[PDB]
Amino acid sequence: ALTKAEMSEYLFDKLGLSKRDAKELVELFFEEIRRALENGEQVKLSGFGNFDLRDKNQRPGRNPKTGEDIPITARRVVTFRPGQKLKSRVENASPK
């Protein structure tokens, strides 16, 4: 799996950034996205996808193991809608 460490190393190798800055940058990129999202704003990254917020009303759920009917509480969740560009690049992938 790709990690922040791998991302930093990549920024270092490709852009010649100091390992300090590469590290901070990766961290910031993700943080900025979180900031927008927690702030109710949609994030649209052209060529990748959109991170949208959906408000879900309470609905019936259950403790899977037992069967005890428990409600899934109302909540605001973050979803990702991959764009056509990303989707095409991935359609013919083969899990490594």
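The first residue of the sequence shown is number 1, and the count goes up from there.
Higher mean CA temperature factor, per the PDB entry, when comparing 40 to 48 with 65 to 73: 65 to 73.
With 55 to 63 and 24 to 32 compared on mean CA B-factor from the PDB entry, the stretch scoring higher is 55 to 63. Among all modelled residues in this chain, the alpha-carbon of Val78 has a temperature factor (C-alpha) in the lowest third. In the deposited entry, the Cα temperature factor of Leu86 sits in the bottom third of values across the chain's modelled residues.
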